[PDB]
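Just so we're on the same page, the deposited numbering is the position in the sequence shown counted from 1, plus 31.
Taking it in order: structure first as structure tokens, then the write-up.
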Amino acid sequence: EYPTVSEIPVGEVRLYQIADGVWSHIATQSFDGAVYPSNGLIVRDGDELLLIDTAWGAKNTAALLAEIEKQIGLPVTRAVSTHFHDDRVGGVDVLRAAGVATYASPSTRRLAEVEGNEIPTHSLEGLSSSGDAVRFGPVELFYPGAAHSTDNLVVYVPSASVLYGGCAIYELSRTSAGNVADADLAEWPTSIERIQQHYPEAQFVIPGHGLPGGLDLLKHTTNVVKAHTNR
Ligand SMILES: O=C(O)c1nccn1CCn1ccnn1
Ligand SMILES: [Zn+2]
Ligand SMILES: [Zn+2]
């Protein structure tokens, strides 16, 4: 069963096997007086591992590396952060110190610097316009346009039909927008349709936070976003 927020003390990290060679990682973190869970992705990249997103903080990200070594035992050689917030880049300096080459779009790198967050070393080219897709080892990186944030990316693992939606995709049980301080509410439904059109065969959809689902999470997220806009 997928680990839940109450089951993970802040500072620990769980790995969840989605498919052969694909894991989510789940951590927990305090934010404005409550503790939330957060998802990232791990994908076998030949004899190496590709990491999608930090574990939301330096201490969680160190635990993430320890759990990976304990349970998978292959070296994390590259990391992609899918937008500039701390659940995505917080921990990039621990990654860098551990030997991991860290990556993000130029937009994400810039926004991280402006926010005072940690900054991935390397710029990902080919993602500057909505609908852009690039291959990055065993995954496809896709920029659907502005949504949860203006820079947010999604990730697809073709070998397993795994779509990592990041914070642009809400879990089924989440019915309120919550904090959308950096969101483009007007563009968000448009961005989700680009995801739907580009990955119609996705079988596993992973939100940025919470329980995995299927393509229903896309329609679900548009419903939430639009309701927050009509009141
Ligand atoms: O909304 C987000 O994606 C987010 N990321 C970090 C903090 N937040 C807000 C609080 N939150 C987390 C999960 N659910 N709500
Ligand atoms: Zn965010
Ligand atoms: Zn988030």
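Beta carbons are placed, not taken as given, at the ideal position from N, Cα and C, and that holds for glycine.
Burial is judged here by how many other beta carbons sit within 10 angstroms of a residue's own beta carbon; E144 has fewer than 16 and is exposed. An exposed status is given to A65, since fewer than 16 other beta-carbon atoms sit within 10 Å of its beta-carbon.
In summary, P231 is exposed, with fewer than 16 beta-carbon neighbours lying within 10 Å of its beta-carbon over all protein chains present.
Counting along the chain, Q228 sits inside the alpha helix (DSSP H) bounded by residues 219–229.
Apart from the 5 residues on each side of it in sequence, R119 sits with its Cβ closer than 7 Å to the Cβ of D84, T85, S112, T113 in its chain, given in chain order. Assigned with DSSP and collapsed to three states, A132 falls in strand. Given a length threshold of 4 residues, each whole run of the alpha helix (DSSP H) inside the region 71–139 is given here in chain order: 89–102, 117–120, 123–128. A distance filter of 5 Å between CB atoms and the heavy atoms of ligand 2 selects the following residues in sequence order: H116, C198.
Remark: the C-beta of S69 is in contact range of ligand 1, defined as less than 8 Å to any heavy atom. Distance from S154 to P169 at the Cβ level is roughly 20 Å; contact not present, criterion being Cβ atoms closer than 8 Å. Between the C-alpha atoms of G104 and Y187 there is a straight-line separation of about 23 Å. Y174 is a Cβ neighbour of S161, given a cutoff of 9 Å. In summary, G245 is exposed, with fewer than 16 beta-carbon neighbours lying within 10 Å of its beta-carbon over all protein chains present.
By DSSP's assignment, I57 forms a beta bridge with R45, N70.
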